[PDB]
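The data below hold one chain only, encoded as structure tokens and taken in the form deposited in one PDB entry.
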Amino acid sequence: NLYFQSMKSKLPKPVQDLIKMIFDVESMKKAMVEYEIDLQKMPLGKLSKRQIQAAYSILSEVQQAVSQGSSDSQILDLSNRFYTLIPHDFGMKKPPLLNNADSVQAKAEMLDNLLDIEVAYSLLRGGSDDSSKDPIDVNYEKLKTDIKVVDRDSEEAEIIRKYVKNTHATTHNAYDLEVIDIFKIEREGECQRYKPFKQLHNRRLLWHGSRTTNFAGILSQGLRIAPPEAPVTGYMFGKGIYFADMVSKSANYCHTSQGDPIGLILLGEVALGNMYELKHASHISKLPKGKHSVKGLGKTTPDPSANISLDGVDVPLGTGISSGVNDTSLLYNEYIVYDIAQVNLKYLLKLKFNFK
């Protein structure tokens, strides 16, 4: 042409850092190490969906054996089959026999994380690996998600920072949160998928935290419901998509540590409709007619008189008050939907966790 075209990224610097953080191979590897996976038998590139599906089904059979009665033989078999799919490093300490709810639930949570890691990794290795363009921009494109920095002095940013400041507490005072960057995101196709559900009333802007190593999968594919193969163990309100109205609650699901103290949390617009309100666990197959979601009532709720609207989207950013709620085990509210299309992701926050 007339111009020299640099091989540098065409993205702004905070977006570049976001892409590097979510495609960080070192983090993928650390996760594998923490799970004690044998990395020579099962390297990052060897993880597959079919493998993960089959391992979930095994865990469901373990769960059925725990609730409905087991033999030693059966349990040993299921453990052997699980570890054949997800090989364990014998250089490390003996792996747990899968014969109890905690182990089942820890392994299911491993599989959720590994699935998103596999997604990230396959996106990363796929494509034209030619230098026709910057690696950062190529990996950005693969997310099929528009990501823009929200200007810090814009209305949106002031509202968002307020939602964070107010709904962060002195209870989970392990850390305070600091907003580093606010991104506006739009996943390809999601607005169209969401449209019909926009018709329902009670649309709310709610938090959803997750591990950083899951975000490539989250952005490329959107928030998902655990598959049918996955065990039900540990799903307080069954297999759906869970959100909080207090940033403190969602931030726990970032599983950030003093070692890596930055996490990512979403704000999504969720079409709740009529809410089935509950005070304790209850695994949900069907929902009562008239209801389109569940709300788990907590001891603490954002002050409803300090609530705001956006596009006719309720933003419950009031400071946390005692809900007055009688006989509940939940510290905080939760909201669950059972159809992936009831969610429209709007923002992604990068936060600093300042531990004490």
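We number the residues from 1 along the sequence you see. We call the rigid core whatever largest set of C-alpha positions still superposes within 1.5 Å between the two forms.
Novice: Comparing average C-alpha B factors as deposited, tell me which of 77 to 85 and 192 to 200 sits higher.
Specialist: The entry gives the higher C-alpha B-factor average to 192 to 200.
Novice: When the C-alpha temperature factors are averaged for each of 41 to 49 and 317 to 325, which stretch ends up with the higher value in the entry?
Specialist: Comparing 41 to 49 with 317 to 325, the higher average CA B-factor belongs to 317 to 325.
Novice: Out of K107, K286, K148, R187, which one has a C-alpha B factor higher than all the others in the entry?
Specialist: Highest CA B-factor of the listed options: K286.
Novice: When you compare the CA B-factors of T212, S71, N100, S282 as listed in the entry, which one comes out on top?
Specialist: Within the set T212, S71, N100, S282, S282 shows the top C-alpha B-factor.
Novice: Give the position of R125 by CA B-factor within its chain, expressed as the lowest, middle or highest third.
Specialist: As the PDB entry reports it, the C-alpha B-factor of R125 lands in the highest third of its chain.
Novice: Taking the C-alpha B-factors as the PDB entry records them, is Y242 in the lowest, middle or highest third of its chain?
Specialist: Ranked within chain, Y242 CA B lands in the lowest tercile.
Novice: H168: which third of its chain by C-alpha temperature factor?
Specialist: Top third by C-alpha B-factor.
Novice: Ordered by C-alpha B-factor within the chain, which third holds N113? Give me lowest, middle or highest, please.
Specialist: Lowest third - that is where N113 ends up once the chain's C-alpha B-factors are sorted.
Novice: Sorting by Cα B-factor within the chain, modelled residues only, which third would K30 end up in: lowest, middle or highest?
Specialist: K30: CA B-factor falls in the lowest third of its chain.
Beyond the structure shown, there is the form deposited in another entry, which is absent from this document and is the topic of what follows.
Novice: With the two forms superposed on the core, which of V149, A101, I225, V179 shows a CA shift of 2 angstroms or more between this form and the one not shown?
Specialist: Result of the comparison: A101.
Novice: Using the core for the fit, does the CA position of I160 change by 2 Å or more between this form and the one not shown?
Specialist: For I160, whose C-alpha is compared between this form and the one not shown after core superposition, the shift is less than 2 Å.
Novice: Superposing on the rigid core, I want to see if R193 changes position between this form and the one not shown - specifically a Cα shift of 2 Å or more.
Specialist: Shift at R193: below 2 Å after core fit.
Novice: Could you tell me whether the Cα atom of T213 shifts by at least 2 Å between this form and the one not shown after core superposition?
Specialist: No, the C-alpha position differs by under 2 Å between this form and the one not shown.
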